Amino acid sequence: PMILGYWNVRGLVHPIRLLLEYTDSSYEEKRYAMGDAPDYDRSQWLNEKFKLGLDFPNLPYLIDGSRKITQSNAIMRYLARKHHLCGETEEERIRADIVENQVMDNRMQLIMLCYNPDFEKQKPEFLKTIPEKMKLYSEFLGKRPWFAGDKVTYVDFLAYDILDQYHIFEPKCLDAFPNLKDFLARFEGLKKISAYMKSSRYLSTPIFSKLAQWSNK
């Protein structure tokens, strides 16, 4: 089977775990453990980081026979191509490309805050910016069922993750945006997704590693 490697946290790998499930992919995971403070030992991963034949060793990685990939977006893309979940027109490609990158930005902004030792006093200032972030996603999606247009694409997997993440962070952040709540419901509604959510493999939290100030256990 295919081998997915990542930490034993949701981190940025949720869309991949979801995509593997949605596609009926035959895979096994290697969930690396991180030690507690103050050392935060990474040896389970460091012991093999340089022994897997990866070009640019990192987590996550996907081993698919002879093919070894790193970089989360590259992995999503690989699986999208294999299962025809890319945009089919130029307009769908452009929307998927923008979303792909936008999600990373919003992910980085959350990480910046969550790893700040000043988290508690920085928070109020971050909360302030949430409404604007959601509004842009809300207006982008508009009345479409999916982010690229009329059919699910890999970018829905990314968008779901980051919307879910913000909603965990600030549970009232989607109240003003019905289409976003609807989207989350629609996604969770997909048969293979609904099935996975009830499985032993499902890992919703923690989001971050033990070093974080929030969702770190």
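All residue numbers refer to positions in the sequence shown, first residue = 1.
Mean C-alpha B-factor is higher over 63-71 than over the other stretch, the pair under comparison being 153-161 and 63-71. Looking at mean Cα B-factors across 124-132 and 137-145, the upper value is held by 124-132. Per the deposited coordinates, the residue with the largest Cα temperature factor out of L54, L190, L180, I168 is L190.
Of the candidates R77, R93, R107, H84, the PDB record gives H84 the highest C-alpha temperature factor. Among the modelled residues of its chain, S43 has a C-alpha B-factor that falls in the highest third according to the deposited record. The PDB entry assigns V99 a C-alpha temperature factor belonging to the lowest third of its chain's modelled residues.
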